[PDB]
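First up is the structure itself, then whatever we jot down about it.
When we count neighbours, we look across all protein chains shown, and the Cβ atoms used for this are built from the backbone with ideal geometry, even at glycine. Each value in this text was obtained by applying a stated rule to the coordinates, not by laboratory testing.
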There are 2 protein chains.
Amino acid sequence: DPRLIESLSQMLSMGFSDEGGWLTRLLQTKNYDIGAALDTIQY
Amino acid sequence: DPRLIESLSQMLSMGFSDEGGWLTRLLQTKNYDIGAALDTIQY
């Protein structure tokens, strides 16, 4: 899935981690859209 | 676990939703430590 890959990879490069899959959960909920995930975490 | 309830409630009051359980997941990995959760999301 190039969008899991690129969304998660871009957010790891921004310094987020994925302990316990929290960030994978967030991105899945947000359809792998980085902007929506950033909004949700109030970045 | 009352620590999950209480920490989720405090996070919701800060404007964080828990859509899809991402915030529950984050708080669980952090043992309900709000400082640590905020650090992880770079708040």
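Among the residues examined, A:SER7 qualifies as among the polar types (S, T, N, Q) and touching a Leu at 6+ places or on another chain (Cβ under 7 Å). The residues of region A:26-43 that are over 17 Å from B:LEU38 (Cα atoms) and assigned to a helix (DSSP H, G or I), listed by number, are A:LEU27, A:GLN28, A:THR29, A:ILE34, A:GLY35, A:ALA36.
Considering (1) over 14 Å from A:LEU26 (Cβ atoms); (2) of a type in the set (D, E, K, R); (3) within 9 Å of the chain's Cα centre (by Cα), the lone condition that B:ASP39 does not fulfil carries the number (3). Filtering region A:1-16 down to residues that are outside any helix (DSSP H, G or I) and surrounded by fewer than 12 Cβ atoms within 10 Å (Cβ to Cβ), which residue is nearest to the other protein chains (Cβ to nearest Cβ)? So the residue we want is A:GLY15. Within region B:19-40, residues that are more than 7 Å from every other protein chain (Cβ to nearest Cβ) and crowded, with 18+ Cβ neighbours inside 10 Å reach partners that are of a type in the set (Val, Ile, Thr) and assigned to a helix (DSSP H, G or I) with beta carbons closer than 9 Å, at six or more positions or on different chains, in the pairs B:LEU23/A:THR40; B:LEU27/B:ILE34; B:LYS30/B:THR40; B:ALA37/B:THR29.
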